[PDB]
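Only one structure is covered here, and it is reproduced in the block below.
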Amino acid sequence: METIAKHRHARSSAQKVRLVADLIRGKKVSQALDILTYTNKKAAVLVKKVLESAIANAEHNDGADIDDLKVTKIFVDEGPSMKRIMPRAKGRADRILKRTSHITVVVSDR
Amino acid sequence: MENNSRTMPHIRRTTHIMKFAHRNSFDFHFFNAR
Amino acid sequence: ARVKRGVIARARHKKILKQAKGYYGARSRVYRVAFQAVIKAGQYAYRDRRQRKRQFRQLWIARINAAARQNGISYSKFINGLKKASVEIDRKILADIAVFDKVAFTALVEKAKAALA
Amino acid sequence: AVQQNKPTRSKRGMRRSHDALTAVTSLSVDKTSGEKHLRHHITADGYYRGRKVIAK
Amino acid sequence: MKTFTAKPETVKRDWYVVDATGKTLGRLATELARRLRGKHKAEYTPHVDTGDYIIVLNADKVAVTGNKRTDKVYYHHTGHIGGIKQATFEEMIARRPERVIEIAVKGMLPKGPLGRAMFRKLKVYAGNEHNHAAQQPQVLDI
Amino acid sequence: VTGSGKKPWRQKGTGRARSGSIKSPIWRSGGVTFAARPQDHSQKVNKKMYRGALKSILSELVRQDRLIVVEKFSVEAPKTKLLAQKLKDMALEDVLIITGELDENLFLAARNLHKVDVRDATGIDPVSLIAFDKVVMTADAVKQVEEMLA
RNA sequence: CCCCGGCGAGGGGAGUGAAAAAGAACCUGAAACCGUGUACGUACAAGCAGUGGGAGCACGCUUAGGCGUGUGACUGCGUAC
RNA sequence: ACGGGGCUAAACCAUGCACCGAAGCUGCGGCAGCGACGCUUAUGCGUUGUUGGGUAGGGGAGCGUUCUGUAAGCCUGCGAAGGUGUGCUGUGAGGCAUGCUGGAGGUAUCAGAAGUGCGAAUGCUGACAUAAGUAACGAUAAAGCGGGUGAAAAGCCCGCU
Ligand SMILES: NCCC[C@H](N)C(=O)O
Ligand SMILES: [K+]
Ligand SMILES: [K+]
Ligand SMILES: [K+]
Ligand SMILES: [K+]
Ligand SMILES: [K+]
Ligand SMILES: [K+]
Ligand SMILES: [K+]
Ligand SMILES: [K+]
Ligand SMILES: [K+]
Ligand SMILES: [Mg+2]
Ligand SMILES: [Mg+2]
Ligand SMILES: [Mg+2]
Ligand SMILES: [Mg+2]
Ligand SMILES: [Mg+2]
Ligand SMILES: [Mg+2]
Ligand SMILES: [Mg+2]
Ligand SMILES: [Mg+2]
Ligand SMILES: [Mg+2]
Ligand SMILES: [Mg+2]
Ligand SMILES: [Mg+2]
Ligand SMILES: [Mg+2]
Ligand SMILES: [Mg+2]
Ligand SMILES: [Mg+2]
Ligand SMILES: [Mg+2]
Ligand SMILES: [Mg+2]
Ligand SMILES: [Mg+2]
Ligand SMILES: [Mg+2]
Ligand SMILES: [Mg+2]
Ligand SMILES: [Mg+2]
Ligand SMILES: [Mg+2]
Ligand SMILES: [Mg+2]
Ligand SMILES: [Mg+2]
Ligand SMILES: [Mg+2]
Ligand SMILES: [Mg+2]
Ligand SMILES: [Mg+2]
Ligand SMILES: [Mg+2]
Ligand SMILES: [Mg+2]
Ligand SMILES: [Mg+2]
Ligand SMILES: [Mg+2]
Ligand SMILES: [Mg+2]
Ligand SMILES: [Mg+2]
Ligand SMILES: [Mg+2]
Ligand SMILES: [Mg+2]
Ligand SMILES: [Mg+2]
């Protein structure tokens, strides 16, 4: 049985989180957690808390065992963007996008 | 004057930005086809 | 009597993009580029219904020319000989016998060599 | 200087074919505590190469 | 019924050996380009390589008519500016004589991926000996 | 449209398509290009064409067995139940009743029957002679239509 | 109400409801645009990227075979609106 | 300064017979316009001759959309409109059937009326791309360490420089 945990509206762009999500796709969750511990990215902190939550959902809500779970699916989607105004020279105004993302981790023992 | 701009409400006279002959770096030697 | 356009305009755009499947990039996604690519595919398809009839006759003639020279005669003397012997087989069947029945092609060559001599 | 044509999503993914991260391959195991750590770094308990080096 | 097309997994290719001693350069090269392409077979298909393998011996003894032995000039450019280079027919024969037949045959072949694969079946040697005896090439006195 | 006549930006220099009004029909919230007025849709019919059309419709009601002539058609009290019982005694469901001059027992009793219109002989019109299945005229109503139609 | 988490944000269960992919960023939920999975192609190859021909592979059929769908090596022609 | 390879003919002149070559012509199948004659029409069919590149522009004939009548009718919670696939069909604009989604509307036929069809106007409004994870992070007066708090401290608090 699969088990999903998600972080919606995570304050980072999807391109920055997708670099970290490509490291742990298909790995055992024991191995995937220690890859995330020694990756020096802010997105590695965000993906680790979603993976830790998918692990705990599978033990509690699904009765699984920890030593057989693998990261079957992991994908990052784009969330809504927050529009901000940035003053430039000579009266110019630019528009700042503050991109968010939806992280989804699926752990399965099969 | 541009009095109801919603993209840039803070400014009314903007052709010092994109019109080349109204920029502060315009030199009249660029107009040599005379 | 105010008419809105949303249902009609969407069905017209969806009809063009269905004909643009398989095309590269914006040619299968973007209506302004796909409509332009569907029309150019229609001018090519009209033109190549005429060129299909030229390209197959060109292929049949080169295969008859190869199989006739395996029997000691050129194309232009083999066609003249079959016209003198009043054989009305066309180039599509002659190029087919040349591949699949090489003995029956030899019988046609000796028929054409006989009418010339 | 600016583009004359919009580059495609194909050309964008080709440029990003060198942007991939490399994973750390071998965490060591400290020979007294059994804790994982980076090579030539102390553990999170402050052991290094078998002994308590940082009493924190 | 649709017209036959040759399928590349079931194409019969044969091996031949040609002696180029005293032959005219261009009249030998047109027959070479016919058989490398496959124009002599009834199974000819314009997008399938249905040709033959040809060994050419004595490439340094090919003949040309007229004053072409000193007047035929071979040009190429190197890619650097001012880098146009020339060589006469006799300078090509004295330095690398297998290139004279290879250049003439390459200009008579189709241009593209298929014509580059037709060129690969041409084996040119400057002397009387080859080492393709395991392929059993048949003597083609053209 | 509410708004001023101020030019939104200047004619030359901003790198952008020229404008003269915020109320232009090209713009969102702008005017309608050929915005409508209240109009009169009534047509003229010649008197002889109106009377010639009625005689053709009446001739088709005689031909297509849709015209019924009685001598008496009224009810006795202004009750809807009386007329509904009367019409199903005649196998009439959807019917136009044309009488000589109108009784108010009959006019009140058919106000609630949606398939039944009661008219007098001068208030006929060409559409209700076609829109109802059967047409019942009293015998004194028929002679008034003849003098109306010459 | 229980669980992960910072007594967070966010989520997974449970429960309500006809429906929760009706969960308050809430009816329906198109397109541009951005991803994950699968089949096929692609690292000796030159151009409006299609069209005509066409091998191979994969998946469905149904047979004493060769049709359907997807992909498209190679090749003729071809300079958008 | 043959399109190239190449050519002593694969060049030039004269004569001759073959063949290739176009959407030209012929063959087979189909559609339409304008004439002529007729199984007889009631305005359609049959036979025959001929015609069918097209801008500006003139003439003819249709499709579809919203609203009104026909309609207190007909279809629809045994699933309407809309959305998304597939199959069939017409010369075309299009039409019909059906799987999934959706959850309450839709509308034949023959007429009537138009805010009736969009890719362009440096069109207008909203959404989303590209350059690109690039430039930059606002005075070159400057920071270093210990302790505390905290899920987490280069930037907060305390202390010493
Ligand atoms: N008088 C000064 C007005 C300033 C205004 N924001 C402008 O850009 O004109
Ligand atoms: K005003
Ligand atoms: K819903
Ligand atoms: K959504
Ligand atoms: K979508
Ligand atoms: K092609
Ligand atoms: K539906
Ligand atoms: K536009
Ligand atoms: K970007
Ligand atoms: K600074
Ligand atoms: Mg600045
Ligand atoms: Mg300022
Ligand atoms: Mg501009
Ligand atoms: Mg308005
Ligand atoms: Mg009057
Ligand atoms: Mg009523
Ligand atoms: Mg529930
Ligand atoms: Mg229910
Ligand atoms: Mg509702
Ligand atoms: Mg919704
Ligand atoms: Mg969606
Ligand atoms: Mg390759
Ligand atoms: Mg090479
Ligand atoms: Mg030429
Ligand atoms: Mg001929
Ligand atoms: Mg032709
Ligand atoms: Mg023709
Ligand atoms: Mg013709
Ligand atoms: Mg015409
Ligand atoms: Mg014509
Ligand atoms: Mg209606
Ligand atoms: Mg509708
Ligand atoms: Mg459907
Ligand atoms: Mg309009
Ligand atoms: Mg549009
Ligand atoms: Mg236009
Ligand atoms: Mg909006
Ligand atoms: Mg908005
Ligand atoms: Mg932008
Ligand atoms: Mg750059
Ligand atoms: Mg740089
Ligand atoms: Mg920098
Ligand atoms: Mg600063
Ligand atoms: Mg410090
Ligand atoms: Mg400190």
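All chains are named by letter (A, B, ...) in the order of the sequence lines, taking the proteins before the strands, and each is independently numbered beginning at 1. The analysis underlying the following values was restricted to heavy atoms, covering all of them including side chains, and did not include hydrogens, waters or symmetry mates.
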Polar pair under 3.5 Å, donor/acceptor by atom type, side chain A:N61, base G:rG12: yes
Residue-phosphate contact under 4.0 Å: E:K2 side-chain N/O, G:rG53 OP1/OP2: no
Sugar-phosphate, base or nothing in reach of A:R88, heavy atoms under 4.0 Å: nothing
Distance between P atoms of H:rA129 and H:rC118 (Å, rounded): 27 Å
For G:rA45, glycosidic torsion class - syn if within 90° of 0, otherwise anti: syn
Check: H:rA131 base within 3.5 Å donor-acceptor of D:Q3 side chain: no
Anti/syn call for H:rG77, syn if |chi| within 90°: syn
Gap in Å between the two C1' atoms, one belonging to G:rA32 and one to G:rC3, rounded: 41 Å
N or O in side chain of C:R27 less than 4.0 angstrom from G:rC81 OP1/OP2: no
Sugar-phosphate only, base, or nothing, as touched by E:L109 at under 4.0 Å among non-hydrogen atoms: nothing
Options H:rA121, H:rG133, G:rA55, nucleotide nearest the side-chain atoms of D:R12: H:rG133
Pairwise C1' distance, H:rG103 and G:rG17 [rounded to whole Å]: 16 Å
Phosphate contact (H:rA9 OP1 or OP2) by E:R27 side-chain N/O below 4.0 Å: no
G:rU51 and G:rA43, which share atom name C1', separated by this distance in whole Å: 27 Å
Listed nucleotide nearest any side-chain atom of A:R25, set G:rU36, H:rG5, H:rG94: G:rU36
Closest to side chain of F:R28, choosing from H:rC124, H:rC19, H:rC128: H:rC124
Sugar-phosphate only, base, or nothing, as touched by C:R47 at under 4.0 Å among non-hydrogen atoms: base
Phosphate OP1/OP2 of G:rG52 contacted by C:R49 side-chain N/O (<4.0 Å): no
Sugar-phosphate, base or nothing in reach of A:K49, heavy atoms under 4.0 Å: base
Sugar-phosphate, base or nothing in reach of E:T65, heavy atoms under 4.0 Å: base
Atom-to-atom span, CD1 of A:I103 to P of G:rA9 - whole angstrom: 17 Å
A:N57 (side chain) and G:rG11 (base): donor-acceptor pair under 3.5 Å: yes
G:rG37 and G:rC44 base-paired, Watson-Crick or G-U, both contacts under 3.5 Å: no
Closest to the A:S53 side chain, choosing from H:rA22, G:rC4, G:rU51: G:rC4
Side-chain N,O (D:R15) to OP1/OP2 (H:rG133) below 4.0 Å: yes
Sugar-phosphate, base or nothing in reach of D:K6, heavy atoms under 4.0 Å: base
Any-strand Watson-Crick or G-U partner of G:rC57, both distances under 3.5 Å: G:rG70
Short side-chain N/O contact to H:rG64 OP1/OP2 from C:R12, under 4.0 Å: no
Side-chain N,O (E:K72) to OP1/OP2 (H:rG6) below 4.0 Å: yes
H:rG49 to H:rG30 separation - P atoms, rounded to the nearest Å: 16 Å
Nearest-angstrom distance, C1' atom, G:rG13 to G:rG23: 16 Å
N or O in side chain of C:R57 less than 4.0 angstrom from H:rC20 OP1/OP2: yes
